[PDB]
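This structure is in structure tokens; I'll ask about it shortly.
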Amino acid sequence: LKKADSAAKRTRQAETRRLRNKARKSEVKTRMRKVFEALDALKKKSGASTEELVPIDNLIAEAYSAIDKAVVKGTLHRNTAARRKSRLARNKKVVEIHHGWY
Amino acid sequence: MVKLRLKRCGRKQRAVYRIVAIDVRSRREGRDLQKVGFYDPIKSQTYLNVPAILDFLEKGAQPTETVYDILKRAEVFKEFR
Amino acid sequence: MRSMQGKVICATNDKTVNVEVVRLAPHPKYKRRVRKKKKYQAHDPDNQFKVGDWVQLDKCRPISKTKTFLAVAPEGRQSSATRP
RNA sequence: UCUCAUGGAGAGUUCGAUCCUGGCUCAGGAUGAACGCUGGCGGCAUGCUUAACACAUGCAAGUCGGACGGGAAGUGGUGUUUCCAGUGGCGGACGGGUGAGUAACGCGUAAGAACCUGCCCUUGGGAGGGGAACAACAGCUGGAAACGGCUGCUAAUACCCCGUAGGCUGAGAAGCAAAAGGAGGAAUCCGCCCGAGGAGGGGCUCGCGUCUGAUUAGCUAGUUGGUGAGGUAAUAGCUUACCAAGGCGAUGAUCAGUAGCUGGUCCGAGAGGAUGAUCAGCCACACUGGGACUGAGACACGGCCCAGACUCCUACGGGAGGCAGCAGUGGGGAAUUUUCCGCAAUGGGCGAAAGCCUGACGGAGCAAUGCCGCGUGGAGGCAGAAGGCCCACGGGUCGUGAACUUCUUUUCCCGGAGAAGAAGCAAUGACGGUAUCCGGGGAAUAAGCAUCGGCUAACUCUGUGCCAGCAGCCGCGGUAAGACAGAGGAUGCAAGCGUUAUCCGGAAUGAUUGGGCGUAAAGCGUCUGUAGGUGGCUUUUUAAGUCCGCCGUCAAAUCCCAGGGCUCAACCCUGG
Ligand SMILES: [Mg+2]
Ligand SMILES: [Mg+2]
Ligand SMILES: [Mg+2]
Ligand SMILES: [Mg+2]
Ligand SMILES: [Mg+2]
Ligand SMILES: [Mg+2]
Ligand SMILES: [Mg+2]
Ligand SMILES: [Mg+2]
Ligand SMILES: [Mg+2]
Ligand SMILES: [Mg+2]
Ligand SMILES: [Mg+2]
Ligand SMILES: [Mg+2]
Ligand SMILES: [Mg+2]
Ligand SMILES: [Mg+2]
Ligand SMILES: [Mg+2]
Ligand SMILES: [Mg+2]
Ligand SMILES: [Mg+2]
Ligand SMILES: [Mg+2]
Ligand SMILES: [Mg+2]
Ligand SMILES: [Mg+2]
Ligand SMILES: [Mg+2]
Ligand SMILES: [Mg+2]
Ligand SMILES: [Mg+2]
Ligand SMILES: [Mg+2]
Ligand SMILES: [Mg+2]
Ligand SMILES: [Mg+2]
Ligand SMILES: [Mg+2]
Ligand SMILES: [Mg+2]
Ligand SMILES: [Mg+2]
């Protein structure tokens, strides 16, 4: 019968891990888009409100959850996640500082 | 990883080894950073400076099978721990 | 001795000053000390330097392409204005 | 009268002759060598420099059943047990080969800050409760084959969620984040998750050094600089938008050509010149190009995708492959090896362990390729003879040479004994009945190559007649040739000897050390002056250069001195 091939086995495993890692990265991509599409909408709106920051506080937890869960897996390095999370916190403060909250 | 093994350097059919600490992935005749002994099976002589060897073993150096036996005949492990 | 001095010609750019360094070293074949020249790029975030001034350099992590130094004041000088 | 110094040689040729100047040529040493003639052994090394041209065949990376489900064999078709296609884990980024590309942080040396790091070591805390899948397998099905398709089932150190957190984000409030079990007379080892360190390894930046050409003088536009927004393990025009106009260069930018670099190798009185085989380190490449996945780590020689060229299979629909891995074939070339044995040792990967794999490596075989070492007989041999050559015809030389007589046996033949290397109680040796030792026989098995005009050690005769031919230079030969060919003899080497090619020396003939420009080659037709170079005297300052004392570093090997070990040497090893 057919013999083994360890090189081909690494090809089979890589495709499975690729689909895992590819999907696991795209989750981090889409959940950020919900935030920035909102902050772009919340900035152009001239009505300041504290209540409107609570849905954003729900999405930021969904973002940190997707990112931090990815650091557990072999996709992202720990310093990489700090840059993505910092970009969310940094861009969040722009709406805070551009308006009267600071 | 650091490892304590021995390299060959001598004449054909007359093996004369020397103990040395080098990286594992490096080849047999790799770049050395500290020579810590000398040994041959024919004459069966050994200097085996202990103060240098203990410096590496504290830092996680793993001897090989025969280097373990060479150090076993010495009493270095009892003073190592 | 350790760091390199230099003249600070062409200080037009923003937050940066071109600097000309000079050194002497013997010629290997004939053993004569020749005055060689080499330029560098440094940064002064305070913009406290202008053309005509004397400046000292220091090593630091790279700021941009070809700009990998920091401009500081000189340590040992010989002004000694009108000593007896 | 100390000590240092162990090291510098010339010769021929211009002229009728001489003194100069200036080129050519030779005597030396070396080689990854090749060819020619010849050829006994042993020891240590070396062996595609050209077509990075194309490759048949075999091997060169597998491993764990003590991670999991299934299947097979055997048995008393029953227990233990042995084997594995698949899932999963680690290694396949080490090791091996090759210098095509590369003129620059690539290499060497000397420093740095804004980073990562599986395995190893050290250390502080944890592992609670649930669920869903794909393989294998079963059924059906498409193909010539390689490989598939569909419908259902299933385990895990594989997948997912919840809960917890000495961690991450942030000014803070706040928000987010995990885990796996396995073996077992049960102590309890191998592992898993988070966090902080050590070492090694790797990435990035910088000073210095790093080929030729000016009949290449202007080059650059994301180009130099910033901000903001990005992005990377991390700094950075690494990317992008806008703004500013800088950046490199006549001390050689740009362009063109060449080339892997270094420790070192060869030459040299030295200064320095040339060079980068074997050994060792770094970089780079993997049929030609491009791209990414995986992973701690790659843009991966024996991994994947695409394009292109070539080769092979085909049932013409469609597939397979990359020896610059070992050995080997074709071709090119003056020219460089067995399609060998073994994992015993060394080293590497997996495993709890037993053990498995290892064309790395360790060995054998071919070659006078090189270096070193030993033989191809010692002693005696009165007188005389044969024979070759020469002669002034008396003799001389080959020649103590041979013959002959004794003595010995490295080597040769026959017959026995016989290791070390093995580290680990014993056993465990590819090499190998190898090295090595004892006994017997018997001078028995073993020398050739070049040269003999001067440089240059070594000479006559015959033949030939500017003929045939020699020659590194000067030049020899035209009827008495020490220069051609033959003979005898001699000299110098010796299992080698010579020829050719390549580098250095000689060559002070690119003259820093160490040359010259009135007439021998060489002073712009002349002057003013930019850059550049150098610069009067006296007293202070500083200490860049310079000098002294210490520290670190320039790996090992090689070279130098000493010491030791192979019967000596080459060679191997220790120390400095
Ligand atoms: Mg004459
Ligand atoms: Mg070659
Ligand atoms: Mg296990
Ligand atoms: Mg299996
Ligand atoms: Mg790994
Ligand atoms: Mg969770
Ligand atoms: Mg650019
Ligand atoms: Mg900046
Ligand atoms: Mg090349
Ligand atoms: Mg000389
Ligand atoms: Mg090829
Ligand atoms: Mg590979
Ligand atoms: Mg191959
Ligand atoms: Mg080959
Ligand atoms: Mg082995
Ligand atoms: Mg082993
Ligand atoms: Mg095998
Ligand atoms: Mg020959
Ligand atoms: Mg005799
Ligand atoms: Mg003579
Ligand atoms: Mg002749
Ligand atoms: Mg004659
Ligand atoms: Mg003659
Ligand atoms: Mg000279
Ligand atoms: Mg002259
Ligand atoms: Mg004249
Ligand atoms: Mg003249
Ligand atoms: Mg003038
Ligand atoms: Mg050294």
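Read-outs throughout are calculated quantities, based only on the coordinates presented, and are distinct from any laboratory measurement. Please note: Cβ atoms are built from the backbone with ideal geometry, for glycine as well, and neighbour counts cover all protein chains shown.
If you filter the range C:17-84 for chymotrypsin sites (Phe, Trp or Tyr not before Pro), then keep DSSP loop positions with at most 11 other Cβ within 10 Å, what is left?
C:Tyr30
Please determine, in degrees from 0 to 90 and to the nearest 10, the orientation of helix A:6-44 with respect to the longest principal axis defined by the Cα atoms of chain A, where the helix direction is its Cα long axis.
Value to nearest ten degrees: 10.
Hand me the tally of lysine pairs in the range A:1-76: alpha carbons under 14 angstrom apart, and the pair either on different chains or 8 or more positions apart.
Number of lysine pairs found: 4.
Could you run the Karplus curve 6.51 cos²θ - 1.76 cosθ + 1.60 with θ = phi - 60° over the range C:35-49 and give me ³J(HN,Hα) per residue in whole Hz, x for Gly and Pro?
8, 9, 10, 8, 9, 8, 10, 10, 9, 10, x, 7, 6, 7, 10
Counting other Cβ atoms within 10 Å, keep those with at most 15, restrict to DSSP loop, and tell me which trypsin sites (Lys or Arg not before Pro) in chain C are left.
Taking chain C and a limit of 15 other Cβ atoms within 10 Å, the loop trypsin sites (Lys or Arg not before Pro) found are C:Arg2, C:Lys15, C:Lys29, C:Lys31, C:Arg32, C:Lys50, C:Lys65, C:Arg77.
Then there's this: Sticking to Cα atoms, compute the Rg of the protein assembly as shown to one decimal and its Dmax as the biggest Cα-Cα distance, whole number, in Å.
32.8, 104
I'd like the distance between the alpha-carbon centres of the range A:81-102 and the range C:1-27, rounded to an integer number of Å.
41
Continuing with the same structure: Take C:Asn47 and A:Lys9, extend 7 Å from each Cα along the Cα→Cβ direction, and tell me the distance between the two endpoints in nm.
In this crude label model, C:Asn47 to A:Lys9 measures out at 6.6 nm.
Kirkwood hydrodynamic radius, computed over distinct alpha-carbon pairs, for the range A:1-99: how many Å, to one decimal?
15.9
Now for a separate question. Between B:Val50 and B:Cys9, what FRET efficiency comes out of the Förster formula 1/(1 + (r/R0)^6) with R0 = 25 Å and r the beta carbon distance, rounded to 0.05?
Step by step, r from the Cβ atoms, then E = 0.65.
Let me ask something additional. Expressed in nm², what is the orientationally averaged projection area of the convex hull enclosing the Cα positions of the range C:19-84?
Value for the range C:19-84: 7.5 nm².
For the range A:14-76 and the range B:1-80, compute the distance between their C-alpha centroids and round to whole Å.
Here the two parts' Cα centres lie 55 Å apart.
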